[PDB]
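See structure below.
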4 protein chains.
Amino acid sequence: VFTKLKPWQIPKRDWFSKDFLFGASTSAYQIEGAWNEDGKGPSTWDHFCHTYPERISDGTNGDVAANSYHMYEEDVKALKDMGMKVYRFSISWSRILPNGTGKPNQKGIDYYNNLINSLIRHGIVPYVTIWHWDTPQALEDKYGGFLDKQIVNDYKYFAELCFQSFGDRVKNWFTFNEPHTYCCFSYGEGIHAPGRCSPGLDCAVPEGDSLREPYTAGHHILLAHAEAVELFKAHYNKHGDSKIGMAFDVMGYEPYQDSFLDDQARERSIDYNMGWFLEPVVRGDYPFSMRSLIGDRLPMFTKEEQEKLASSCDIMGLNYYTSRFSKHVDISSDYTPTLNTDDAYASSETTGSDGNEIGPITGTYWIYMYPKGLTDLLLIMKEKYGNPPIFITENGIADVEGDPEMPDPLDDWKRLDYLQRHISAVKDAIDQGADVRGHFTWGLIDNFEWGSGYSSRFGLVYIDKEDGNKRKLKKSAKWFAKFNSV
Amino acid sequence: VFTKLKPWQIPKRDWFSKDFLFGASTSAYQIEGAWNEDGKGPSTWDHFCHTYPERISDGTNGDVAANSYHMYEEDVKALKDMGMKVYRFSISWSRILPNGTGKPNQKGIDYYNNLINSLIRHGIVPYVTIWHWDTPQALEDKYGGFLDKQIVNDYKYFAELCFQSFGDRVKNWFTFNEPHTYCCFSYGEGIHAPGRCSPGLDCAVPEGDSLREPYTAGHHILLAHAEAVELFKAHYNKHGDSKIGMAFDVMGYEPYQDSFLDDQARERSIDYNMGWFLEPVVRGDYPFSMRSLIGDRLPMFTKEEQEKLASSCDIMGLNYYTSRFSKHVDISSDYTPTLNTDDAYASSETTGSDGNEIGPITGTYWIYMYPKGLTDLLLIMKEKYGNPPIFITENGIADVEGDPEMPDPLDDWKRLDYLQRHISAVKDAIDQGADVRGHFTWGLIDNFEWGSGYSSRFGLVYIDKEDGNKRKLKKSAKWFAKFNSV
Amino acid sequence: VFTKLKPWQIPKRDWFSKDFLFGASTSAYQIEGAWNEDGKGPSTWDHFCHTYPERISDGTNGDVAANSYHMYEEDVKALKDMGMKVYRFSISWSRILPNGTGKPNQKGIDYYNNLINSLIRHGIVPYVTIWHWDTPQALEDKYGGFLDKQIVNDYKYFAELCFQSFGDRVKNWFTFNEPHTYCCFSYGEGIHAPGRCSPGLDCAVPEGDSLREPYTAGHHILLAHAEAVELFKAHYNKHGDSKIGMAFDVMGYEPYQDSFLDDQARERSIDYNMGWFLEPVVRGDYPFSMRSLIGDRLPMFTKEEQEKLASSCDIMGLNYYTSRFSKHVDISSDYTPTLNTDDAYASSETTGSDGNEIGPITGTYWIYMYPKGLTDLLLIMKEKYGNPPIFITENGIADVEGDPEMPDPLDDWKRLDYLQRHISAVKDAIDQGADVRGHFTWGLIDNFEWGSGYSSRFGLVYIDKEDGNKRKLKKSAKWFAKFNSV
Amino acid sequence: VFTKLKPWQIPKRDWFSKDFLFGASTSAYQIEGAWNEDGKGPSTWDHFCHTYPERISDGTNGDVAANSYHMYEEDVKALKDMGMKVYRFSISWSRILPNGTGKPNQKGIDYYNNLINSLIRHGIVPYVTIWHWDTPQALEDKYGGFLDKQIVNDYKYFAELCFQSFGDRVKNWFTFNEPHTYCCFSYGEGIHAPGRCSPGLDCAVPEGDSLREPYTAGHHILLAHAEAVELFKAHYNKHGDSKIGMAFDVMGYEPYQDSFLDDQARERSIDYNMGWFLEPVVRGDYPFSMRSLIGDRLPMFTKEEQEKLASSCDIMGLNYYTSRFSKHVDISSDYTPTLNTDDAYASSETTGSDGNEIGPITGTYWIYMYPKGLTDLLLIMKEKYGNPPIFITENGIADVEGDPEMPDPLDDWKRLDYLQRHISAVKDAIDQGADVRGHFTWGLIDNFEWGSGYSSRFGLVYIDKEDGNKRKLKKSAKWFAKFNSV
């Protein structure tokens, strides 16, 4: 059963200010392909798929994906056809600096310039993510990538190259995408590149430490971010019209049951899912709950680092998909953490105390529809953290290959209904004073969905693998065309 | 999954005033047995089980039940052992007037006197239901029972006999129990005695009219009630210390989805479930929504009848078990009503727009736990209907025979948790100004649960059919003993 | 006694956004005159005045009116002199298609083009009502006008001609004006053209059916509207910058007394006054209360019709003047409806339960000042119907000829105070989130006020019948000049 | 400057229910004297004053105090003269069991019986604290008192003796008084008997561990409490009319400044001040914040212990005097805890972010008047912890010897004003639904104020040390006589 909005409840572009920005998003690895063309060096995700193909559910990889390295003009056209004003995409570190450091690859740089100039030629504003899990396997080999402090300076150099190459036209940046998802899956469960986890757990490379490596990598990400923003503000914003921040993955939470214990568990879930990386850019340190639970496994910041981190984001991106119930876990002799997410002492449940699921499943097993959860997170940003400028940098659902309730990949009425409800939830937040400046649908086009390969389609625009990777507008995409008055 | 109250959320007798009354309930047919002893005449339910045994799920009947005709002293003891202050029980019309009318049966009268005097001897207050579906089959044969206006005067005579025989000690009465359930099941689906329904539907006697007979019988019930109360107030309340009303079956309702249409559907569900009989005793007429939808099938009241009905209850009983979602049904050429409940144009759903059930199932298929629903109904009584004195005259759950999650019939922690939550919901209503005067658990003892026979056990006190119908306190009963400081 | 706003409570243009639109309104019949010039065919209102002159209170008609067919440049100047940004006027069907169908009258078309081009030349935006009660008497003779389904296609053709002739410059349309007033007065009381009512009632032509004809005509209006909007969206909005909707007459309602019955009566009054035609364009069907009370007299929509109706308005106009108390009427054998308005079972009272009138009378007998009523209706639009874009397409009061408290027709301080209070009530609604986009005063100029002829003056601008129909700015008009910073 | 209540704001007995209880409090050591008479053994406080006299500010001790061992009839009379309904006093463990364990001292037992019978003879209800810091120095010598698990069983035996000796007349008990104050001052700062603290800190016996001993002693107190209550409920409450709980010392807290960090600091202050011992009797474990910050220094409970602790109090006492601002302390390498109170990572400030003190000082340096703080704590009890029955078991202020603004010890208008404001704050809480059952002023009579000796007078009733320890009613006491209508 999937109930839709009633006809009088469907969003209208009029609901939002003239300056509010509607867009769609992608990332380099997930769409570009051409993984070894024109001098590009390999990334940790090229290496991960090439050495552990079996870690991808449907046996695929990103070697070609949507082939946006060659067909980007088609991505631009699909944005124009939907009337989107913004395109959020990422730059491939290993395409522009094949060895992570050193000599830049001109053809890599030319590619982004062509995409950028084409967007601008069509009246589309580029919002660029600098790093999207996309790390040069040359840095992974040389010092273990984000597990070494050396990544900090190397990132800074990569970011500087982006600013120098594109800063004259690109005025809106995100340093990092989803640091929490990245640390948890890459170094804790190990299901994402480089695929590390504690010995005894099942991941490609069980020789890490699921209780430490996620925190080490997160710390270097925040130090990297602080250096890049200080560099940016100091030497790459002479006109003062450019903005920089980061994009966080976030889930809404509701207490599992009516108890102060689960109220407290919900606050620890939000601290750990969102505050882990948001509170450092707000106040210069991790959430107190995290330091108290994690102790010596969570690195300390120096005074100068705290000060460089605090107020380091002009804009913040929230990537929201779903919510969970938060259920309190007792501190006791019986229990010890095994994964880093266990340090929250709050289990994420899909069903609440009455046994009901939190909302309707939308296709892939983890995305349960709960738009209230997003309005709540946006009100926490407003009331607790100073109401900084917020962009919903990702929001969307997947259609899963073979699902008998989704036999026509273009008839994505479920995705359309979801996105309408979430747009409506952003309007609710705005009406209550939340400073939300835009909504970017995750899924400009179907793409390589990491561990799920192409079997999970998140696009507004279908990619026909049987017809030359052709772009074909889905039902949702066609609704945006009308919504944006195209 | 069945989540319980946390330990600091468990009701205490202190939560309620000294005058608040805790009790338990039964009805004649469901516990007495002795269906043909000491001159008792047969009732419609004796006849219904005796001629259509197959309409009882487990093949049983009320011929003996808990044998409370002989073991009532044991029922009194179980009330005393739990520290209950009130006992709500019903008088068997056919036991006291074997032919419905005429000569009273002294032994019938003596039986109630003995029960009454024993309650009073043990400090227990009797709340008596005069009629509980319990109609003399002699009146059913002579003129079709409640389908004929003659029932009005015959009821009046029966009620007068009750007042004369017991009014010196019994000071609190209910004329009728659950008129809505009775009309719907006895004359609409026909699953309860006398078992009538429209030709073509499956009930014992498909020669009635599911679109008319329920309304005819309801009309005579309200006329009967008005005559009895006028008689009572005029000649049986000379001290002015006696109260009379009726007990209604009610379900809570929530809109199926977020739409004004389902808001309107919810109001029609409450009008039809509750207002059908409550609005007549409040204002002297049926709810407007019912007259407009039902037209000529819903009899008109005379001015004198309206005036006799309005303000006819000193107290009102609400029998609450569960809630439903109310989903709007369109008036259109495609659709015509077949059962009387269809005239509300609102379907009662157990799951809402998100696909979730309204609350946890508690054992039998129709009782889903949703205590909020009761607090809402109590606030409607306060804000809409003048906050008349309310008693929760029934509330409880069944344990179903053979259910593998309920293998020990005395370990009824589920029932205990349910009752605690509902008591807590009554406290919420009281804190908000609702004038709730008592809470009577349905289920003093396991009994004959109509169409489900004994397979559904609703008792606080177990009836051991393998041990001579012995009364054995369940876990819930033992909690009440502590709750009432016994 | 007529109390005015205090000086610190007077609206300022600053109260509303830059995009908010202030304008004034007229309709073809009421101002144009030239009823038989340049080939114009007659309308139902030409025929009605010409055959039943006695149905006009002061013995006048629209043959000349304000002679705006010749003096439109003066209407444009008066708008410019007040600094109005919008002019809402209507197109005369019979002027542009003398026989309703067939060959267009070029001189008719030229007239509107001249008015349109002149408005645009002076920076005034045209908001055009396509039909304003103004039906070609040739269609009335051929098949009974709106009482026949044939009107649907004929309207569609008329609307198409308007779109083709003026759509390049006119970007904002209303298909129909006040369908509820029209159905009630034209076919129910019969006081407006064509003047039909049930035999035995007093109207020009008592051979209709006041319980059926209003509903038949309303149904064809909604079908006509749906076809025209589908046609519009499909072939006349290629740039997507045009909007279309309809304008409803609405009255505010307050319960007559403190009783749930009058709460329910108020909801039936709003359903019948406003929902009759608004709920069909919102959800594709009449209000449930209407279908339940009116049954077979209210035609059914086909699925395709429901779908064409739902979400058919880009903008909605509300014509608001006054409010009433709504008093519950019982469904009973004693009472049967005689006029279509009786089907609401709620009488519209001018005085409430305390005997007080709802607000001060403003001149004509039916306009009692109650600005709260408008803010309430606007909040119902926001909370119940999805907050669609609302224009107050009419609002104003009449000065009545001979009224000794209004001896100087230019000194309309009463009208000024009323309009200020209502503008202030729109500001209240806006502050509470209502999406109100403009305010058009009814009464650009004094005009033919239907059954009241010219004896009721609704203009901001006086029309001096003793001085050649000269336009003279009243006090209210002069206040708008300052308000609009002219 | 000390502003008083306005005359229309002064509490009246009428403000509270008939069942609400007004009383006053004392403890054994602080008033009895006779420290070595009739066989009494010494306590830790006899020993502490006798071996470290210099730890008492004014050089005094409890050897005689108010000599209530002999003059108790005078204490009874003073209660009667004020019209108090309750007397809260404590039993001296070492008077009734000179060696802590073994043979009871009859003369000790007779003394309490005489006091008890006299109270009851005068219509005064006894509320008895079993242990009030008052530990037998024989148990301190034998195994280190509360630092050894053996105290658990020894307490149980002492409590059993109290129940057997006085349970027939005493129906309301508190197992322990102020466990948090006791652990903090006796084992953390070491300023109270037995006077232990970490080496290097300044207390009588700096050979303990201020980071561990307070938690060890608290754990044994809670285990002791659980055994005694289980014993009580099982064998000493056969009539079910007796209640037992404990009394907690509590301070109100307000965030130091407008920041989520200080909101979080306030919650850790309340957890540590109040939750330390309240959350165990509510849910069977310490607050989560404490386990997370304190780890291995905070002993674990067994499942059976958790279950014995949860819901172990029928009534709870709150001893409230003042409030503080709570200011967040960062977890970092720079900082390590030295005293147990440092484990909250929230400093208690007397001045807030604007530099203002939280309220007016009342005499001794730590009691700043802030009645709002109490209403807030009472609402947390209601909303968070289930609204258990609350008695304000202590509330009052000291007059300090030599203070030039308090030259007449009987003219305690400051104390009167404070107590009136707090009574008024309890009324506020009650009006908001808090279940507060009584108010006991701390200070029936001036007494030995631990480390401050007699120099701090907390009595409603003056003790004239220059006139034979005579009881003399102060101004506040005389106001209570009128308040209680004596």
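Letters A, B, ... mark the chains of the structure tokens in the order given; residue numbers begin at 1 per chain; ligand numbers begin at 1, in order shown.
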Where does chain D meet chain B within 8 Å, residue by residue, with the nearest atom pair and distance in Å to one decimal for each, counting only C-alpha atoms, listed by chain and rising number, as CSV?
residue,atom,partner,partner_atom,distance
D:240,CA,B:485,CA,6.0
D:241,CA,B:485,CA,7.8
D:282,CA,B:8,CA,6.3
D:283,CA,B:7,CA,6.9
D:310,CA,B:7,CA,7.2
D:311,CA,B:7,CA,6.6
D:385,CA,B:8,CA,6.2
D:386,CA,B:8,CA,5.1
D:388,CA,B:8,CA,8.0
- prompt: Could you write out, as a PyMOL selection string, all the residues of segment 144-380 of chain D that DSSP marks as strand (DSSP E or B)?
  reply: chain D and resi 172-177+196+205+243-255+315-328+346-349+351+357+361+368
Skipping near chain neighbours, those fewer than 4 positions away, what residues fall within 12 Å of residue 262 of chain D using only C-alpha atoms, listed as a compact mmCIF listing (two decimals) with N, CA, C and O atoms, in the first residue's frame?
# COMPACT_ATOMS: atom_id res chain seq x y z
N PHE A 288 29.84 16.47 22.99
CA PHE A 288 30.25 15.99 24.24
C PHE A 288 29.90 14.51 24.40
O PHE A 288 30.70 13.75 24.94
N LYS A 384 18.98 25.15 17.57
CA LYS A 384 20.13 24.75 18.33
C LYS A 384 21.43 25.27 17.79
O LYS A 384 22.26 25.75 18.55
N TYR D 253 18.94 24.07 38.89
CA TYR D 253 19.99 24.56 37.97
C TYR D 253 19.40 25.29 36.81
O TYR D 253 18.34 24.95 36.32
N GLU D 254 20.11 26.30 36.37
CA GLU D 254 19.76 27.10 35.21
C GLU D 254 21.03 27.09 34.35
O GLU D 254 22.17 27.07 34.92
N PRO D 255 20.88 27.12 33.01
CA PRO D 255 22.10 27.16 32.21
C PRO D 255 22.87 28.46 32.50
O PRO D 255 22.26 29.51 32.63
N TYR D 256 24.21 28.38 32.54
CA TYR D 256 25.01 29.56 32.86
C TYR D 256 24.79 30.63 31.81
O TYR D 256 24.70 31.81 32.13
N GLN D 257 24.71 30.25 30.54
CA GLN D 257 24.48 31.19 29.52
C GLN D 257 23.57 30.57 28.38
O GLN D 257 23.24 29.39 28.43
N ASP D 258 23.20 31.36 27.40
CA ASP D 258 22.28 30.94 26.35
C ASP D 258 23.10 30.12 25.30
O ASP D 258 23.72 30.66 24.38
N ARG D 266 23.51 21.65 32.27
CA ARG D 266 22.44 21.61 33.28
C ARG D 266 21.89 20.20 33.46
O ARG D 266 21.63 19.77 34.57
N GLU D 267 21.67 19.48 32.36
CA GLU D 267 21.13 18.11 32.51
C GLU D 267 22.14 17.22 33.25
O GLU D 267 21.72 16.32 33.99
N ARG D 268 23.43 17.42 33.01
CA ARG D 268 24.45 16.56 33.72
C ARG D 268 24.45 16.97 35.21
O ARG D 268 24.53 16.11 36.09
N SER D 269 24.25 18.25 35.49
CA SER D 269 24.21 18.71 36.98
C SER D 269 23.06 18.09 37.68
O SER D 269 23.20 17.56 38.77
N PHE D 325 23.90 28.10 38.64
CA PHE D 325 23.97 28.12 37.22
C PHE D 325 24.87 26.90 36.90
O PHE D 325 25.87 26.68 37.57
N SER D 326 24.59 26.22 35.79
CA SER D 326 25.41 25.09 35.38
C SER D 326 26.21 25.51 34.12
O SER D 326 25.65 25.92 33.14
N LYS D 327 27.54 25.43 34.20
CA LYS D 327 28.38 25.84 33.15
C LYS D 327 29.19 24.65 32.62
O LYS D 327 29.90 23.98 33.38
N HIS D 328 29.08 24.44 31.30
CA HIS D 328 29.73 23.35 30.63
C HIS D 328 31.26 23.36 30.78
O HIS D 328 31.91 24.39 30.63
N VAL D 329 31.81 22.16 31.07
CA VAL D 329 33.25 21.93 31.12
C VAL D 329 33.60 20.94 29.97
O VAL D 329 32.95 19.94 29.83
N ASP D 330 34.58 21.28 29.15
CA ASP D 330 35.01 20.38 28.03
C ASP D 330 35.77 19.19 28.47
O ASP D 330 36.57 19.23 29.42
N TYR D 345 31.37 17.27 34.73
CA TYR D 345 31.78 18.20 33.67
C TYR D 345 30.80 19.39 33.51
O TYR D 345 30.47 19.82 32.38
N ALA D 346 30.43 19.96 34.68
CA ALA D 346 29.54 21.12 34.71
C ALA D 346 29.85 21.83 36.02
O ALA D 346 29.60 21.26 37.12
N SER D 347 30.36 23.06 35.94
CA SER D 347 30.71 23.73 37.24
C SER D 347 29.43 24.46 37.75
O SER D 347 28.62 24.98 36.94
N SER D 348 29.22 24.45 39.04
CA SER D 348 28.07 25.13 39.68
C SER D 348 28.49 26.53 40.00
O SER D 348 29.45 26.74 40.81
N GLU D 349 27.92 27.51 39.29
CA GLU D 349 28.33 28.88 39.50
C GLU D 349 27.22 29.60 40.31
O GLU D 349 26.00 29.28 40.11
N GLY D 352 25.60 34.11 36.89
CA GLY D 352 25.38 33.73 35.54
C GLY D 352 26.20 34.52 34.56
O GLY D 352 27.05 35.35 34.96
N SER D 353 25.91 34.31 33.28
CA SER D 353 26.65 34.94 32.18
C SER D 353 26.66 36.45 32.23
O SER D 353 27.66 37.09 31.79
field: Close residues, residue 184 of chain D itself excluded, 12 Å, only C-alpha atoms, min 4 positions apart in chain, as a VMD selection string
entry: chain D and resid 178 to 180 188 to 197 209 to 218 249 272 to 273 276 339 to 343
File of the preceding selection, C-alpha atoms, as an mmCIF file, in the first residue's frame:
data_model
loop_
_atom_site.group_PDB
_atom_site.id
_atom_site.type_symbol
_atom_site.label_atom_id
_atom_site.label_comp_id
_atom_site.auth_asym_id
_atom_site.auth_seq_id
_atom_site.Cartn_x
_atom_site.Cartn_y
_atom_site.Cartn_z
ATOM 1 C CA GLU D 178 20.762 13.176 51.421
ATOM 2 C CA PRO D 179 22.976 10.396 49.964
ATOM 3 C CA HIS D 180 24.502 12.764 47.442
ATOM 4 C CA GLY D 188 34.956 13.424 48.486
ATOM 5 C CA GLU D 189 35.863 16.810 50.112
ATOM 6 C CA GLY D 190 36.030 14.919 53.405
ATOM 7 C CA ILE D 191 34.535 17.872 55.412
ATOM 8 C CA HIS D 192 31.972 15.533 57.020
ATOM 9 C CA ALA D 193 32.407 12.411 59.109
ATOM 10 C CA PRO D 194 34.355 10.138 58.644
ATOM 11 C CA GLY D 195 36.235 12.877 56.922
ATOM 12 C CA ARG D 196 37.987 11.087 54.022
ATOM 13 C CA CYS D 197 39.544 12.505 50.873
ATOM 14 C CA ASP D 209 40.117 8.495 47.121
ATOM 15 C CA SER D 210 37.782 11.383 46.250
ATOM 16 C CA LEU D 211 37.182 9.699 42.790
ATOM 17 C CA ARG D 212 36.101 6.339 44.168
ATOM 18 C CA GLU D 213 35.016 6.268 47.748
ATOM 19 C CA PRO D 214 31.980 8.535 47.222
ATOM 20 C CA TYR D 215 30.720 6.054 44.557
ATOM 21 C CA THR D 216 31.436 2.994 46.695
ATOM 22 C CA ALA D 217 29.556 4.427 49.633
ATOM 23 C CA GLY D 218 26.641 5.526 47.386
ATOM 24 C CA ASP D 249 19.222 16.719 48.532
ATOM 25 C CA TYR D 272 24.637 14.059 39.211
ATOM 26 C CA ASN D 273 22.934 16.079 42.056
ATOM 27 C CA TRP D 276 22.662 9.736 41.099
ATOM 28 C CA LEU D 339 36.815 15.372 43.197
ATOM 29 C CA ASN D 340 33.836 13.157 42.407
ATOM 30 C CA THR D 341 31.692 16.210 41.608
ATOM 31 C CA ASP D 342 34.105 17.031 38.765
ATOM 32 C CA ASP D 343 32.818 13.879 36.920
#
message: What parts of segment 262-321 of chain B does DSSP call alpha helix (DSSP H)? I'd like the answer as number ranges by chain.
response: B: 262-270, 276-283, 288-294, 303-309
